[PDB]
Amino acid sequence: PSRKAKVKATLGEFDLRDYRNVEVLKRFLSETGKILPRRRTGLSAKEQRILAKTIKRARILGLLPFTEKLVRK
Amino acid sequence: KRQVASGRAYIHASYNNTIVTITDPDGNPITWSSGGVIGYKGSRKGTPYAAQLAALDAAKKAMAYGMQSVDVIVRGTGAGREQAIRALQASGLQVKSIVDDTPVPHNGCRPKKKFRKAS
Amino acid sequence: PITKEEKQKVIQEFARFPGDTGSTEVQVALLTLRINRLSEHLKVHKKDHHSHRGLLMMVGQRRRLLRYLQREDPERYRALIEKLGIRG
Amino acid sequence: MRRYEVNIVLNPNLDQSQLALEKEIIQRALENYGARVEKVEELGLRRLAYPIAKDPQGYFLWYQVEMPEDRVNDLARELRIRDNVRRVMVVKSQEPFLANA
RNA sequence: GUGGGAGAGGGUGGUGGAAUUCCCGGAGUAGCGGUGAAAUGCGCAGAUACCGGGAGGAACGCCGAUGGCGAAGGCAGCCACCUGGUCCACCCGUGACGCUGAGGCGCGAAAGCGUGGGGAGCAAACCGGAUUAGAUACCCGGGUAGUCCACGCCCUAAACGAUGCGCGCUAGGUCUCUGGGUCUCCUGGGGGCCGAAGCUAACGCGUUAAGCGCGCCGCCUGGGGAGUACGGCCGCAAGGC
Ligand SMILES: [K+]
Ligand SMILES: [K+]
Ligand SMILES: [K+]
Ligand SMILES: [K+]
Ligand SMILES: [K+]
Ligand SMILES: [K+]
Ligand SMILES: [K+]
Ligand SMILES: [Mg+2]
Ligand SMILES: [Mg+2]
Ligand SMILES: [Mg+2]
Ligand SMILES: [Mg+2]
Ligand SMILES: [Mg+2]
Ligand SMILES: [Mg+2]
Ligand SMILES: [Mg+2]
Ligand SMILES: [Mg+2]
Ligand SMILES: [Mg+2]
Ligand SMILES: [Mg+2]
Ligand SMILES: [Mg+2]
Ligand SMILES: [Mg+2]
Ligand SMILES: [Mg+2]
Ligand SMILES: [Mg+2]
Ligand SMILES: [Mg+2]
Ligand SMILES: [Mg+2]
Ligand SMILES: [Mg+2]
Ligand SMILES: [Mg+2]
Ligand SMILES: [Mg+2]
Ligand SMILES: [Mg+2]
Ligand SMILES: [Mg+2]
Ligand SMILES: [Mg+2]
Ligand SMILES: [Mg+2]
Ligand SMILES: [Mg+2]
Ligand SMILES: [Mg+2]
Ligand SMILES: [Mg+2]
Ligand SMILES: [Mg+2]
Ligand SMILES: [Mg+2]
Ligand SMILES: [Mg+2]
Ligand SMILES: [Mg+2]
Ligand SMILES: [Mg+2]
Ligand SMILES: [Mg+2]
Ligand SMILES: [Mg+2]
Ligand SMILES: [Mg+2]
């Protein structure tokens, strides 16, 4: 499960610490606004730990969703 | 007497019962149904079949208002959720979309003892 | 916090000779800096215990160093205390 | 002195007079609290992921500054005085941490 | 000492969204809820289901781990400030300044105590409904203390790795968190698993010893009587030692 393809593998060279950048960070969330696990994000321990902080920041700023409605169930 | 013809269908499903509320696009209720609305009384309200009957009832009462197509919003996880969706699809109402809105907190309130080992 | 300039200010003050960062004088002076600042931090934040342990440890260290000094060269010890304004 | 980043989210409904008034107040606050402005990026109106004060949009200002630490929080408090200011977030600035490089 | 690193370590202030309850309005009607099945309960003074607006308390989903930090208790939304410990590199300074530690002092989950505040959800006690031969319980509906904040007490625990602290010595393999380097690898600091020698009553332990050694502290001496009696110390009490 969660094996489909590698969120990190397809993406450019980006700053993991940038909360203002949205369009890149969007790819680290599921259909719901939940933060994808390492299985998906493909990141490393430190990378993931930083991503979490960043995403949460952008959430508070209102640039990223806390929660999203699941469609076609 | 309304003549809405475009609407939303809220399916609220628990293990004890199923309630279907059909409303206008602004969310204001038109008609509603449930396991208890139909003949069922006891635990049989939680039954998938009872859910079907409820959905169908709500759909008929809706088409009485000239309703045609709805957007389904599903809240709750329990038996007869998917059956209610099914009945709605087969009800003659065109189902445009189905969405799961089921409420979850982020460790908000202490659940009662039955629901514990969680928060 | 303790800025680099303050720390050099105190180190070059107590140094036995040019370039001495390690003498008992320098160590005890530095410890006294940290202890004082930590106590100042603990006058408010009375409920911060985990730092207070730190304070106990620092005081213990300073006391052992000073005991060593007074055992070795009582003159430099008297001088150190007269300087820093230790004891009480 | 330390380097921070000030995120300001304002009300998108404002016209030029009110917006520029908010800007003036913001920069007067920044100067009065002793912050020196290094770089500023104004993104402006952008669609929020969730409604803030019932508005689907918001106006975005960003100020990279250098200011005394002891006053930082106070500055933020001041920035939050006005009604037209929806959000204020001051972040200690950090060096970029990349991936796929 | 200098230059860097990781972290739910601690304290103060600020702030975010989800959910629950309650209040107000709209729309809407005959039930909702709950169980093994039910009933009590709530609902025509309009509930449940749905939309909008408001009030409040409490806890932080995903990330989240087999992970990290702390001396222990324990620590998890985000932001800033104050602050403890620790790791690495350089090989610069001091020159045995070390270890352990009876008493002492401090910290110490939960429950509990005192004064005041707060109180959404949960909920000892209690009140009801069921179940049973009986049900003083288990299941359901209510519900006070309490749970929350401040200040001051209380000192306990399966406070557990049921494994005192420090140093040296004795094959490796593998996974992992975090440093540094001549980066496939090498070299540090942690966390796991399998295992040399060896040890163990066995189970198992095995460079994170329960192996080989040295230093210092605490403790044990068949079961019940009994953590009782007596005395003392501490505590407002409960009670603790
Ligand atoms: K530090
Ligand atoms: K009492
Ligand atoms: K014990
Ligand atoms: K490296
Ligand atoms: K066993
Ligand atoms: K006694
Ligand atoms: K007494
Ligand atoms: Mg919502
Ligand atoms: Mg039922
Ligand atoms: Mg620093
Ligand atoms: Mg890298
Ligand atoms: Mg922390
Ligand atoms: Mg807080
Ligand atoms: Mg809310
Ligand atoms: Mg109402
Ligand atoms: Mg009537
Ligand atoms: Mg209230
Ligand atoms: Mg630190
Ligand atoms: Mg040397
Ligand atoms: Mg010499
Ligand atoms: Mg000791
Ligand atoms: Mg206690
Ligand atoms: Mg307590
Ligand atoms: Mg009390
Ligand atoms: Mg009280
Ligand atoms: Mg009162
Ligand atoms: Mg209750
Ligand atoms: Mg009960
Ligand atoms: Mg009582
Ligand atoms: Mg005992
Ligand atoms: Mg244990
Ligand atoms: Mg290791
Ligand atoms: Mg063997
Ligand atoms: Mg083994
Ligand atoms: Mg004993
Ligand atoms: Mg004895
Ligand atoms: Mg005996
Ligand atoms: Mg005997
Ligand atoms: Mg005994
Ligand atoms: Mg005993
Ligand atoms: Mg005992």
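Values in this text are rule-based calculations from the coordinates and carry no lab data. Using ideal geometry, Cβ is built from the backbone for each residue, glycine included, and neighbour counts are taken over all protein chains shown.
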If you go through A:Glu68, A:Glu23, the only one that is within 11 Å of another protein chain (Cβ to nearest Cβ) and surrounded by fewer than 17 Cβ atoms within 10 Å (Cβ to Cβ) is A:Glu68
The one condition A:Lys73 fails out of (1) basic (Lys, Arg); (2) within 11 Å of RNA strand E (Cβ to nearest atom); (3) within 30 Å of B:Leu88 (Cβ to Cβ) is (2)
When the range C:14-27 is checked residue by residue, the ones that are over 21 Å from C:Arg67 (Cβ atoms) and surrounded by 13 or more Cβ atoms within 10 Å (Cβ to Cβ) are C:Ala15
In the set A:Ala52, A:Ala5, A:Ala58, the lone residue that is part of a helix (DSSP H, G or I) and more than 8 Å from RNA strand E (Cβ to nearest atom) is A:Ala58
Within the range D:1-18, the residues that are surrounded by fewer than 11 Cβ atoms within 10 Å (Cβ to Cβ) and either within 12 Å of chain A (Cβ to nearest Cβ) or in contact with a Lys or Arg (Cβ under 9 Å, 6 or more places away or on another chain) (or both) are D:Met1
Every listed condition ((1) surrounded by fewer than 18 Cβ atoms within 10 Å (Cβ to Cβ); (2) more than 14 Å from every other protein chain (Cβ to nearest Cβ); (3) in a loop (DSSP other than H, G, I, E, B)) holds for B:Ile38 save (1)
Of the residues in the range D:84-101 that are touching a residue at least 40 places away in the same chain (Cβ under 8 Å) and not β-branched (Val, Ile, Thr), the one that is farthest from RNA strand E (Cβ to nearest atom) is D:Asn84
Taking the range B:64-116 and keeping residues within 9 Å of RNA strand E (Cβ to nearest atom), small (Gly, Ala, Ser) and more than 14 Å from B:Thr21 (Cβ to Cβ) leaves B:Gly108
Log entry, pairs with first residue in the range C:1-13 being surrounded by 12 or more Cβ atoms within 10 Å (Cβ to Cβ), second being in a helix (DSSP H, G or I) and aliphatic (A, V, I, L, M), beta carbons closer than 6 Å, six or more apart or on different chains, reads C:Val10/C:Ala29; C:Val10/C:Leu33; C:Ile11/C:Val26
Of those in the range D:13-47 that are in contact with a helix residue (DSSP H, G or I) (Cβ under 9 Å, 6 or more places away or on another chain) and part of a loop (DSSP other than H, G, I, E, B), the residue nearest to D:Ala76 (Cα to Cα) is D:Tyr33
Of the residues in the range A:3-20, those that are more than 9 Å from every other protein chain (Cβ to nearest Cβ) and under 21 Å from A:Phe66 (Cα atoms) come to A:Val7
The residue that is surrounded by the most Cβ atoms within 10 Å (Cβ to Cβ), considering only those in the range A:28-65 that are touching a residue at least 40 places away in the same chain (Cβ under 8 Å) and facing chain D (nearest Cβ under 7 Å), is A:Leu63
Residue set B:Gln94, B:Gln83; condition surrounded by fewer than 22 Cβ atoms within 10 Å (Cβ to Cβ), farther than 19 Å from B:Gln3 by Cα, polar (S, T, N, Q) and more than 16 Å from ligand 11 (Cβ to nearest atom); output residue B:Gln83
Considering the range B:87-101, residues that are in contact with a strand residue (DSSP E or B) (Cβ under 8 Å, 6 or more places away or on another chain) and among the polar types (S, T, N, Q), and then whichever is farthest from the other protein chains (Cβ to nearest Cβ), we arrive at B:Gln94
